[PDB]
Peer 1: 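Quick one: the structure is below, and I'll ask about it shortly.
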Amino acid sequence: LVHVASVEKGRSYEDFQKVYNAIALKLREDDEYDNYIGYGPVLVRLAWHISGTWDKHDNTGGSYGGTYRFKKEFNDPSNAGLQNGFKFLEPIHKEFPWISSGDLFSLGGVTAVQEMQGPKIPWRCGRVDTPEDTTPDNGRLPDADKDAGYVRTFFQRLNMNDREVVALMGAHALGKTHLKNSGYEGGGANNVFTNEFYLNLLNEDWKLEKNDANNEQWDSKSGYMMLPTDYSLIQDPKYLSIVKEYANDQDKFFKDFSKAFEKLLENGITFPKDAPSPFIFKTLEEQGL
Ligand code: HEM
């Protein structure tokens, strides 16, 4: 199964920077969502969930086909709450109807991370919408109530190693859990990209509590929380070493996150040898906008 990237006809860096800017401007404007968190975190989650269906064994799923637009994937219980991100992007797509759905969803994630003062994430175009029958079945996204062994094994399907996994999980510094979406409640409600996930794991006094949905979670008196899969990163000796590294080196975390997140967004896609190189978008701030 081969998915070859194909650049939207006649489009170049300037076209994609315009789309970036439209998303970034809307992020700034629609700032009231989720008690003033804004849409940044839910867009990062959307990019991850559309990519995280990938299976290295047969090259099914992944960001290429834009299949989240189809009912089966849109209504995956693991995707509860992402409709809010989809709605955010819908007027963007109407203004730029030439962009593919996978390109839009993935670009949304890049734009959100950058606009939240995260690292630059190189991004490549050319995902092509594929038909409804290529939509992966539900159940390929991970459970939260599990341990380190589960996390490790799970991410092997996505061709991610221990360092990639720990880097990617740092995105949990963003946003929050919502009881109605996932059965977990709480979080920092933060919309600036930092390495604070690692600092919080190492520095907070964590208590194992049961929430209103009857699920266990780790809570601190500061008001932070961790999922069991989050906490597993300090229970496993290999993960713990990497957690400590990122807690003590913000730049290293940024660099590793950028590489891992691009890889996540590109899994399953074959780029022809004459495909454009990756784009690095300027932020609104860099443009003076
Ligand atoms: C074992 C892997 C993972 C599990 C079990 C997991 C689980 C969850 C759950 C249960 C929520 C709360 C959803 C809700 O209630 O609204 C959440 C939120 C989030 N996740 Fe993960 N996640 C995982 C990996 C990742 C990765 C790899 C990324 C990105 C690189 C990511 C980014 C986020 C973001 C940004 C939010 C906040 C969304 C919001 O504020 O609306 N997650 N995750």
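Residue indices begin at 1 and follow the sequence shown. Only this structure's heavy atoms are used, side chains among them; waters, hydrogens and symmetry mates stay out.
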Peer 1: Looking at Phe88, does the NZ or CZ of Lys26 lie under 6.0 angstrom from its six-membered ring centre and within 45 degrees of the ring axis?
Peer 2: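 Yes - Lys26 lies over the ring of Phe88, closer than 6.0 Å to its centre and within 45° of its axis.
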Peer 1: Using the ring centroid of each side chain, check whether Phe16 and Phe281 are separated by less than 6.0 Å.
Peer 2: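 Distance test on ring centres: not under 6.0 Å, no.
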Peer 1: For a quick test of reading the model, state the closest non-hydrogen atom pair linking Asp129 to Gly102 and the distance between them.
Peer 2: OD1-N, 4.0 Å
Peer 1: Does CD in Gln117 sit with more than 12 non-hydrogen atoms of other residues, nucleotides or ligands closer than 6.0 Å?
Peer 2: no
Peer 1: How far apart are the C-alpha atoms of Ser220 and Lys207, what are their side-chain angles, what is the distance that settles it, and do they pass the side chain to side chain contact (heavy atoms under 4.5 Å, CB included) test?
Peer 2: CA-CA 6 Å; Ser220 82; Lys207 312 300 191 190; over 6 Å; no
Peer 1: Whether the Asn214 and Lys210 side chains hold a donor-acceptor pair (N or O, under 3.5 Å, no angle test) is what I'd like checked.
Peer 2: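 A pair is found: one side chain offers a donor N or O, the other an acceptor, under 3.5 Å apart.
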Peer 1: Could you tell me the separation between the OG atom of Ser63 and the NE2 atom of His49, rounded to the nearest 0.5 Å?
Peer 2: 14.5 Å
Peer 1: Provide the closest heavy-atom pair for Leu104 versus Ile23 in the form atom of the first, atom of the second, distance.
Peer 2: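 Heavy-atom minimum between the residues: CD1-CD1, 4.3 Å.
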Peer 1: Within the 3.5 Å criterion, strictly below it, is a donor on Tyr20 or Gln114 matched to an acceptor on the partner's side chain?
Peer 2: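 There is such a pair (donor and acceptor under 3.5 Å, judged by atom type) between the side chains of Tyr20 and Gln114.
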Peer 1: Can you tell me how far CG of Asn161 sits from NZ of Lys238, rounded to the nearest 0.5 angstrom?
Peer 2: 12.5 Å
Peer 1: How far apart are the closest heavy atoms of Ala5 and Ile269, and which atoms are they?
Peer 2: CB-CG2, 3.8 Å
Peer 1: Just checking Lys87: does its NZ atom have more than 12 heavy atoms from other residues, nucleotides or ligands closer to it than 6.0 angstrom?
Peer 2: no
Peer 1: Do the rings of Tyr68 and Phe105 sit parallel, tilted or perpendicular, given the 30° and 60° boundaries?
Peer 2: perpendicular
Peer 1: Within a radius of less than 6.0 Å around CG of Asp58, do more than 12 heavy atoms belonging to other residues, nucleotides or ligands occur?
Peer 2: yes
Peer 1: Ignoring hydrogens and angles, state whether a donor on the side chain of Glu115 or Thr283 is under 3.5 Å from an acceptor on the partner side chain.
Peer 2: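 Absent: no donor and acceptor within the cut-off.
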Peer 1: Examine the side chains of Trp54 and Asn159 and answer whether a donor and an acceptor come within less than 3.5 Å of each other.
Peer 2: no
Peer 1: Do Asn215 and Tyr184 have side chains that get closer than 4.5 Å, going by heavy atoms?
Peer 2: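 When only atoms from C-beta onward are counted, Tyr184 and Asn215 do touch, with a gap below 4.5 Å.
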Peer 1: State plainly whether the residues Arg127 and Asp103 are in salt-bridge range, i.e. N to O under 4.0 Å.
Peer 2: yes
Peer 1: Assess the side chains of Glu73 and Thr67: does a donor N or O sit below 3.5 Å from an acceptor N or O?
Peer 2: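 Yes.
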Peer 1: Any side-chain donor-acceptor pair under 3.5 Å between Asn211 and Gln217?
Peer 2: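 A pair is found: one side chain offers a donor N or O, the other an acceptor, under 3.5 Å apart.
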Peer 1: Determine, for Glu164 against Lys263, whether the closest basic-nitrogen to carboxylate-oxygen distance falls under 4.0 angstrom.
Peer 2: yes
Peer 1: I need the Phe271 CZ to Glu266 CD distance, nearest 0.5 Å.
Peer 2: 4.5 Å
Peer 1: Please state whether the rings of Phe86 and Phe74 are parallel, tilted or perpendicular, taking 30° and 60° as the class boundaries.
Peer 2: perpendicular
Peer 1: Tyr198 side chain to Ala167 main-chain N or O, any donor-acceptor pair under 3.5 Å?
Peer 2: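 Yes, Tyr198 side chain to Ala167 backbone: donor-acceptor pair under 3.5 Å.
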Peer 1: Is it true that, when you exclude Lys72 itself, more than 12 heavy atoms of the residues, nucleotides or ligands shown sit nearer than 6.0 Å to its NZ?
Peer 2: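 Above 12, so yes.
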Peer 1: Can you see whether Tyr246 engages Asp256 through a side-chain donor-acceptor pair at a distance of less than 3.5 angstrom?
Peer 2: yes
Peer 1: Looking at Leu158, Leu265, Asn267, which one forms a side chain to side chain contact (heavy atoms under 4.5 Å, CB included) with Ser51?
Peer 2: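 By the side chain to side chain contact (heavy atoms under 4.5 Å, CB included) criterion, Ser51 pairs with just one of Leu158, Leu265, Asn267: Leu265.
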Peer 1: I want to check a possible cation-pi pair here: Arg157 against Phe155, using under 6.0 Å from ring centre and within 45° of the ring axis as the test.
Peer 2: no
Peer 1: Taking all non-hydrogen atoms of both residues, which atom of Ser258 and which atom of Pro119 are closest, and how far apart?
Peer 2: CB-CB, 4.2 Å
Peer 1: Ignoring hydrogens and angles, state whether a donor on the side chain of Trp123 or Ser106 is under 3.5 Å from an acceptor on the partner side chain.
Peer 2: yes
Peer 1: Output yes when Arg140 and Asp76 qualify as a salt bridge under the 4.0 Å nitrogen-oxygen rule, no when they do not.
Peer 2: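 Salt bridge between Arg140 and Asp76, a charged N being under 4.0 Å from a carboxylate O: no.
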Peer 1: Nearest 0.5 Å please: distance from the OG atom of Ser241 over to the CG atom of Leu233.
Peer 2: 12.0 Å
Peer 1: Does a side-chain N-to-carboxylate-O contact under 4.0 Å join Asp162 and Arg152?
Peer 2: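 Here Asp162 pairs with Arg152 in a salt bridge, since their nearest N and O are under 4.0 Å apart.
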Peer 1: Search all heavy atoms of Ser101 against all heavy atoms of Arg69 and return the closest pair with its distance.
Peer 2: OG-CD, 3.7 Å
Peer 1: Carefully, step by step, assess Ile99 and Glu8 under the rule side chain to side chain contact (heavy atoms under 4.5 Å, CB included).
Peer 2: CA-CA 7 Å; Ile99 196 167; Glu8 288 93 335; 3.8 Å; yes
Peer 1: Go through the side-chain N and O atoms of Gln235 and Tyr231 and say whether any donor and acceptor fall under 3.5 Å apart.
Peer 2: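 No, no side-chain donor-acceptor pair sits under 3.5 Å.
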Peer 1: At their closest point, which heavy atom of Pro278 faces which heavy atom of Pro122, and how far apart are they?
Peer 2: CB-CB, 3.9 Å
Peer 1: Please report whether the ring centroid of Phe193 lies less than 6.0 Å from that of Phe254.
Peer 2: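 Centroid separation for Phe254 and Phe193: below 6.0 Å.
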Peer 1: Is it the case that the side chains of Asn200 and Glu204 hold a donor-acceptor pair, with the cut-off being a distance below 3.5 Å and no angle test?
Peer 2: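 Side chains of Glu204 and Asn200: no pair found under 3.5 Å.
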Peer 1: If you count every heavy atom of other residues, nucleotides or ligands that lies below 6.0 Å from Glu286 atom CD, does the total exceed 12?
Peer 2: yes
Peer 1: Any chance the side chains of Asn84 and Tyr33 put a donor and an acceptor closer than 3.5 Å?
Peer 2: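 There is such a pair (donor and acceptor under 3.5 Å, judged by atom type) between the side chains of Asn84 and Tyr33.
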Peer 1: Between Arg124 and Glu262, is the closest basic N to carboxylate O distance under 4.0 Å?
Peer 2: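 No salt bridge links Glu262 with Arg124.
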Peer 1: Using a 4.5 Å cut-off on heavy atoms from C-beta on, say whether the side chain of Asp230 contacts that of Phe197.
Peer 2: yes
